[PDB]
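Residue numbers (the deposited numbering), protein chains in the order written: chain A, 3 to 96; chain B, 3 to 96; chain C, 3 to 96; chain D, 3 to 96; chain E, 3 to 96; chain F, 3 to 96; chain G, 3 to 96. Every residue, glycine too, gets a C-beta built ideally from N, C-alpha and C. Here the structure is laid out as structure tokens; the discussion comes afterwards.
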Amino acid sequence: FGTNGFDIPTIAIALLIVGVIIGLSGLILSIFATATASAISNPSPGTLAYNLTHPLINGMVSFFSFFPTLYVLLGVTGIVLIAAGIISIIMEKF
Amino acid sequence: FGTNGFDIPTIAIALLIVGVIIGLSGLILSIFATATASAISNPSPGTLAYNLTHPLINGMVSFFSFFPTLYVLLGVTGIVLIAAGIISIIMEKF
Amino acid sequence: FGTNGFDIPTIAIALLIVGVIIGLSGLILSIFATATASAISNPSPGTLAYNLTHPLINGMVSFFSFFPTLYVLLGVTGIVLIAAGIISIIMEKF
Amino acid sequence: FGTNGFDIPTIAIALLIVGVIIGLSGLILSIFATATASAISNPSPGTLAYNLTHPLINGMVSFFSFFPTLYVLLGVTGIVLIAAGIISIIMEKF
Amino acid sequence: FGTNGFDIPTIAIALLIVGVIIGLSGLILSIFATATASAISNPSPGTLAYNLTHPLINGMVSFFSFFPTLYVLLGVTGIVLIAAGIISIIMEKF
Amino acid sequence: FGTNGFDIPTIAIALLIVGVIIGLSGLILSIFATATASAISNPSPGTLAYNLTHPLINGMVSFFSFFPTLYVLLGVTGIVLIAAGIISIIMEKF
Amino acid sequence: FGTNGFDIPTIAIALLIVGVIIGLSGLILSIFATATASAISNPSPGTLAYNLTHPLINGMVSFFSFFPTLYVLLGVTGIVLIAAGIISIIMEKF
């Protein structure tokens with residue numbers, strides 16, 4: 003069901019795969035992050051261990067705050083792909 | 003699901019891998035830094051051992067303060083990669 | 003996840019390795035310096051042993067004071083590397 | 003019941019084995035630790051035997067406090083394995 | 003009764019096997035866990051044996067709390083397999 | 003239950019072995035140290051035997067104070083090993 | 003009545019043998035322990051014979067307290083064996 007490489011069943015299967023992979027990723031990352039939160043403690047506000055450890059958790063927080071826009075762009079990509087498929091169909095179907 | 007090398011499932015798997023590696027790194031570094039903090043003591047403010055040891059902990063603090071911006075740039079890189087993928091799709095999909 | 007040699011997982015692993023090595027180095031050097039401080043005594047301010055020993059501890063102090071800037075430059079190097087990676091990606095990704 | 007190496011009965015048997023081994027380990031370690039606690043006495047707070055023995059029990063306590071996160075990560079591994087199996091099934095089942 | 007490798011009797015037999023194995027596993031693990039609970043005692047809240055033994059039972063509890071989601075994913079896998087079978091039948095049966 | 007050399011049952015057995023060996027070591031060392039403490043006496047603060055014997059017990063105390071950090075690092079090693087196993091699974095399971 | 007080595011009559015005979023041996027063991031041990039209790043006397047709480055004899059009876063009590071869990075595990079083993087037999091039958095009977 004297509005012209006050259008645009009196959010609606012294939013597109014649906016691809017959506018299946020990407021959705022499942024994203025759900026799995028969220029699951030694994032949350033489960034691991036819970037363990038991370040449990041492991042690290044809060045020594046004191048101003049002792050040696052605080053100076054030693056604080057920037058690491060800061061970087062953790064920053065990167066995990068960067069994730070959302072990555073996910074948003076990844077979502078946007080599919081609309082572009084489907085759109086290109088529609089246009090390619092229209093171009094030479096007539 | 004792509005054109006030449008841009009594969010959304012592959013991108014999601016890459017995000018999985020990088021997130022997990024970063025979480026693991028933070029965990030290991032914090033656990034080790036706790037041991038470091040426990041090991042080193044505070045001899046005295048002005049004796050020989052203080053002169054011998056203070057610059058080392060200063061360098062420790064400095065490098066660990068350098069980590070956050072490294073993490074931030076590492077996070078920024080992915081947006082650039084996804085963006086280049088979107089543009090490459092758009093260029094020859096039509 | 004990259005173009006030619008820039009791999010974000012590899013970068014994260016490299017950061018793991020360098021951070022751990024630096025922590026280990028600080029630990030070992032501090033532990034050894036404590037033993038050094040314990041071993042050497044203070045004979046007298048003006049006897050033969052003082053003339054014999056003082057410049058050595060002076061050199062010790064000087065070199066250990068040189069360490070911090072070495073560590074700072076070592077930290078700076080990584081930002082340059084990540085930056086070059088970003089630029090290299092941008093150059094031919096489009 | 004699978005495609006290449008993913009067999010749900012085999013997975014269930016593996017879960018059987020790991021659960022039983024972990025239960026056995028906890029049992030043996032607790033039984034032995036009771037004997038350890040019974041054997042060692044408390045000589046005095048400041049005599050020779052205290053200096054001789056205290057760091058050993060400190061190391062005991064530390065290592066046994068390290069066990070929990072090891073167990074948690076060991077538990078996390080199975081979700082990753084099952085997840086990879088699901089994805090591998092989905093990839094070429096269609 | 004199938005096309006290439008999808009056999010409804012074989013699927014039913016596989017469901018038989020997995021269900022029986024899971025029931026057996028639950029039975030054995032519960033019976034063994036009862037013995038574990040009977041064996042270990044509660045020495046005191048703060049003595050040596052408590053420090054020696056508490057993290058082990060903590061790890062026990064954690065891993066056994068991890069089991070449920072493993073079972074849930076294992077259950078989910080079968081729907082995917084049956085679904086892939088249905089789609090494969092539909093693809094070339096017509 | 004693994005890919006190449008990472009076997010969760012094998013890991014659990016290894017944890018069994020290391021925990022038991024560490025418990026045994028603590029037991030034997032404490033029992034022997036009690037005998038050492040009983041054997042050596044305190045002659046006098048300033049006689050010949052004191053000069054002859056004091057540094058030996060000082061070295062005893064020092065080494066036994068060094069033990070704890072050794073144990074801590076030994077504990078840290080296992081988290082690294084399990085982490086490497088998880089990453090290796092993730093790398094080529096997908 | 004079986005497939006390869008699983009014979010229900012043989013299993014029943016094995017249960018016969020193990021039950022009878024366990025009953026005999028309990029009988030003999032109790033009869034002998036009565037004689038032991040009769041033989042040893044209670045000299046005094048603090049004389050030489052008390053110091054000479056008390057730890058022996060302590061070890062007696064400890065070992066005999068260890069027996070119950072041994073018996074429990076021995077009982078658990080049979081359920082595992084019968085379970086493995088059932089699974090082996092199911093595997094290739096169909």
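Note that the C-beta distance between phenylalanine 3/G and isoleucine 10/G is below 8 Å. Going by beta carbons, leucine 54/E and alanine 39/D fall inside the 8 Å limit. The closest CA to that of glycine 25/A, considering only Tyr73/A, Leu83/A, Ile89/A, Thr5/A, is found on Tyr73/A. For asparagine 53/F, the secondary structure class from DSSP, reduced to helix, strand or coil, is helix.
Cβ proximity to chain G below 8 Å picks out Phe34, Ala37, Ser40, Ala41 from the segment 34-61 of chain E. At least one CB atom of chain D sits nearer than 8 Å to the CB of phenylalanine 68/E. Under the three-state reduction of DSSP output, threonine 79/D falls in the helix class. By the 16-neighbour rule on beta-carbons within 10 angstroms, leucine 83/G is exposed. The residues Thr55, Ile59, in chain order, have a CB closer than 8 Å to that of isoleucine 42/G in the same chain once the five nearest residues on each side in sequence are set aside. Per DSSP, the continuous alpha helix (DSSP H) segment holding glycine 25/G begins and ends at 10-41. CA-to-CA, the gap between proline 70/F and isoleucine 23/F works out to about 16 Å. At a beta-carbon threshold of 9 Å, the residues of chain A lying near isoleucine 89/D are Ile19, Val22, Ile23, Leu26, ordered along the chain. Secondary structure at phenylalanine 3/B: coil, using DSSP grouped into helix, strand and coil.
Using a C-beta cut-off of 8 Å, the segment 27-34 of chain F makes no contact with the segment 27-34 of chain E, since fewer than three inter-stretch Cβ pairs fall below that distance. Contact between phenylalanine 8/D and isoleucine 91/D holds: CB atoms are separated by about 6 Å, below the 8 Å threshold. The beta-carbon distance between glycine 21/C and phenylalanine 68/B, rounded to whole angstroms, is 10 Å. This is too long to meet the 8 Å contact definition. Residue burial annotation: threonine 79/B is buried, with at least 16 other C-beta atoms found within 10 angstroms of its C-beta. Sixteen is the threshold: when 16 or more other Cβ atoms of the shown chains lie within 10 Å of the Cβ of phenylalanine 65/A, as they do, the residue is buried. The DSSP-derived three-state label of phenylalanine 96/G is coil. When secondary structure is reduced to three states using DSSP, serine 46/E falls in the coil class, being assigned neither helix nor strand.
Taking the Cα positions, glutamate 94/G is about 30 Å away from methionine 93/D. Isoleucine 19/B and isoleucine 89/A have their alpha carbons spaced roughly 35 Å apart.
At a cut-off of 8 Å between C-beta atoms, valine 82/D does not count as an interface residue with respect to chain E. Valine 63/G has its alpha-carbon roughly 52 Å from the corresponding atom of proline 45/B. Taking 8 Å as the cut-off, the beta carbon of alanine 86/D is found closer than this to the beta carbon of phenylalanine 96/F. Taken atom to atom, the span from the alpha-carbon of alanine 16/A to that of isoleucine 15/B is near 14 Å. Among the residues of chain A, those whose CB is under 9 Å from the CB of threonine 71/D are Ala37, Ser40, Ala41, following chain order.
At least one beta carbon of chain B lies nearer than 8 Å to the beta carbon of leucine 31/C. CA-CA distance, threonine 49/F to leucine 75/F, rounds to 41 Å.
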